[PDB]
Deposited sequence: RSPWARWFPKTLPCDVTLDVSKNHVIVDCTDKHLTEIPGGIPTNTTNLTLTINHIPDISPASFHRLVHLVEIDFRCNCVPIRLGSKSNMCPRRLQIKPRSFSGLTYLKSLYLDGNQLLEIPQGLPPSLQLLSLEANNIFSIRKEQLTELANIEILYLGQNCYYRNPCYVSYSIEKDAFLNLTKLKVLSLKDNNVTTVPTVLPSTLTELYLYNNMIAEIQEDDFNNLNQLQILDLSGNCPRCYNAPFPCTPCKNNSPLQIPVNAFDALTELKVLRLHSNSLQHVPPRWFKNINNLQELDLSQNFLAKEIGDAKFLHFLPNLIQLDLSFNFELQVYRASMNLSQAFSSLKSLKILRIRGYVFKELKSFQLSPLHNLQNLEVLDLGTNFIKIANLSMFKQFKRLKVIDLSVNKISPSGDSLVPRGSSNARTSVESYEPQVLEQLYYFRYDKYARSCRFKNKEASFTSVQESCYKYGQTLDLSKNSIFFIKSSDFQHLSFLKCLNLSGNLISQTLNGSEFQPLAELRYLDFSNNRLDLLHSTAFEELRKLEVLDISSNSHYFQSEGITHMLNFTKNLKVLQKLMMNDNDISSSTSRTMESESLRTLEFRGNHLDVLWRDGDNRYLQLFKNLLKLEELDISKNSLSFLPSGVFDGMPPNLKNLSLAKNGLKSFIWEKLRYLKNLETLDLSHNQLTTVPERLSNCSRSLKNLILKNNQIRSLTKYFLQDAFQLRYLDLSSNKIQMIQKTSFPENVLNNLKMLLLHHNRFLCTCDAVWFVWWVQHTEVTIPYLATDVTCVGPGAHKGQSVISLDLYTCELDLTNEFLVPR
């Protein structure tokens, strides 16, 4: 509630349906908590700042607070550790969540309210755990005590937990003890635990009664214990004699609701089937970064996982061993519900069709990861049986053509699963990611029996070929093709002619052949592509073009950034003025970073009629004309950021009748016209931040136009706060226009003592 604030430099978000008020003071360099904080707020954000300590009077009048964040308030360049006065949190009866990460605390704070449900104490100096200060946390549910003693934040003392310290926490559900130098599992954990995170510790042995009472556990993590330290870019200590993490056969017996089990980087050598005897509902299993190269050939334990969804076996290669072929056990056919399989780091020479026979009967298999394996010989025709597969990974391996602040400072989710990189080519269907491979020329015979491929990635292969319309012949149903970081010779206009169903084409980073001058550059090759929608050819350094115009009856998006359009539009050269005129359906243009010092008169007349998104960022426009914008009758998102413009148009209404997203970020504008926004009711977005503007007059910024503006930025510039802008001073602190960084970035240059003064916090009584 309270809606209208007074001088708070933090953003305020209101949710009437959820009855939640959010105050975000992230990255504000506040030495102390500002005054005037509303009593109706619920979430308080107090991240990285210069707060010396916490006083009980800080939250004296705040009783509706349910979330307090204090993450990374002092990262070890920082003063002494934060001190918490006694009874500093007892007044918050409605508190439910509290974050105290990165505060260099020595002991667990006391006096916490009994209504607390979440507590985070990561990146602290708490290496001792006793029941006395845990008695007050009898109603807690989620506890985060990780990252207290490890290589980044050392304490030189092993973690000490007294007996039955967590036993009385009946409401505990999630416990995290990662990177805490823990040696022994803290028995006895409460029976209501669901997620246990003991990874990245120094645990060497597991007792048979360690998880005897945990029956509702769902997520168990035991990574980093006795890890594989070979070629490790971080300080890790192998266990002795290379010994593996000793886990008894009858260890996971009481676990019946377990769903996620992570054993990554444990130096394991054998996986007994007795482990998975009781856990029948296991879904995700991680066994990466181990020494299970021989176990994969046997994989006897896979017979007890009928409901497995994810299986990770990455980076299990043997030292000084180069396998001739991948040895997949026949027990892999028992994974009926398997969906994702990763066999990276299993470096081997040749991949054959019969080696993937166990995976032929997996109906639910979607993702098959095989990258980073240095596969030399691989017949691509063997993938014709994997039509149901969604993503096939053929990454940095060497397949060739066939011959004849800290972590806790952000990410409030804390313990979260590894989110897979969702590439733009996955949504189009079947994907064959052949990027960064040893393919140097394309043959139509290699891609045979692959008519079902809806996507193909060939970035980084460094292919030097002159396509003429016969290489991608079998790829009849291909819709997305990536050809970035290659050497494409556009000597013929029939390139990509046989790709009848192609929609998105990427030929970026092909600067090699485009940099040469005098050779033919057929830029009209898009005419044959009937259903092409997006074309990305940026960072190509295109300086000359044999074709006068580019023709495409369906192209909608064209990226032409990082090229040389100044030479194409050189003074006295009108050949390439109407280069984009024939693109009838084009709606978005990205001609940026083209070293365009000036725009010759006539380019706007040659622009496509349906242009809607024009960008000219980082171009260095010394003088950009404005009267020529009348030709574009559909422009709505003109962008001129990071340019060297110096004059705004006399009347924006006379220039464009549909512009609504004007952007002039990081420009050099000292003053605006006296009728800059006169009768321009169609505008909704305006940006003038990072400029050299001095003052704004009333006649240039009418309130009628400003009422409908969704966003307006005037921060990080050189405004002068004298008695000549009393109207601006009154309006900036009395309007509802969303102006971000109104009290943190925009300051006053002068005069004199007014250096660094907040404009919204200005009151010139003598004016």
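- In this chain the deposited sequence has gaps in the coordinates at 1-4, 81-88, 417-448, 812-823, listed in sequence order.
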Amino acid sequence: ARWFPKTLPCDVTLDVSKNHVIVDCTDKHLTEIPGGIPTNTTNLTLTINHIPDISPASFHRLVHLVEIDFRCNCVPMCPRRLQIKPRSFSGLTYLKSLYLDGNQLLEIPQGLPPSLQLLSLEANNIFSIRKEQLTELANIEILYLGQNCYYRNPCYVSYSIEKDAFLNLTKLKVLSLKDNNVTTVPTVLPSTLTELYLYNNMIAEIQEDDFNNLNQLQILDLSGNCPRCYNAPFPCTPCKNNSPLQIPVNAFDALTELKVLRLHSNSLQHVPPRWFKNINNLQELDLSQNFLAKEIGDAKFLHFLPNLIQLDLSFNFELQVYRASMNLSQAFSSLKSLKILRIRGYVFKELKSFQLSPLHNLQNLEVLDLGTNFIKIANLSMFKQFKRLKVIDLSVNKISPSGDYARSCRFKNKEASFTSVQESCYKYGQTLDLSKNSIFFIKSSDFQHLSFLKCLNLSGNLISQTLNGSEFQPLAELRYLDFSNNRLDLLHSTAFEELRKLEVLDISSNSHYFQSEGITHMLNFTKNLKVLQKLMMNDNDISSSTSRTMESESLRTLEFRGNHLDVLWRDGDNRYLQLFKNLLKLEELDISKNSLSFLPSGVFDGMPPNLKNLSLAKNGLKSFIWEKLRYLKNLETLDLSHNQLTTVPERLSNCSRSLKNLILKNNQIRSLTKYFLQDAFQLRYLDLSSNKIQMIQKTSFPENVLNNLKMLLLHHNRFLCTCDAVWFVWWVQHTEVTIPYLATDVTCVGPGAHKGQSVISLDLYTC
From here on, numbers count along this sequence of modelled residues.
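- Among other deposited entries of this protein with both flanking residues present, none omit coordinates for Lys454; it is modelled throughout, well short of a third.
- Of the other entries compared for this protein that flank it with modelled residues, a third or more give no atoms for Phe411.
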